[PDB]
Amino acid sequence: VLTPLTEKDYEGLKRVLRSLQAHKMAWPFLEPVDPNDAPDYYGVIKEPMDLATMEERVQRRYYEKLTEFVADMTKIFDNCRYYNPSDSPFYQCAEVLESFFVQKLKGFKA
């Protein structure tokens, strides 16, 4: 996953993100969390991430490596499961959407 990203790669990456942004379980991860939404959220999580910031980032070719792309995506799943207890629907959203991301990510690697 260390090989530099090509222009063709970025097209693949854009679709993964749209695939993700359209998922019915992605609604808590589309935008940066609203501190009204989550009481103490920004005291708790040292590195928040959401799908608009990756979209911004892809757009701007922030990503030199798949490694770095998966890094950001996993941060969104990790943050939710850390901040949220195992039985929150937000946590279950993280479960559903991460396997989807792994399904889609497996598609891209091939």
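We call the rigid core whatever largest set of C-alpha positions still superposes within 1.5 Å between the two forms. Numbers for residues come from their place in the sequence shown, where the first is 1.
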Greater root mean square CA deviation, 71 to 79 compared with 33 to 41 in 5 other deposited structures of this protein, core aligned: 33 to 41
Residue range whose averaged C-alpha B-factor is higher in the record, 45 to 53 or 31 to 39: 31 to 39
Stretch exceeding the other in mean C-alpha B-factor - 59 to 67, 77 to 85: 59 to 67
Ranked against its chain, the third holding the CA B-factor of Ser19: middle
Within-chain third of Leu97 by Cα B-factor, per the entry: middle
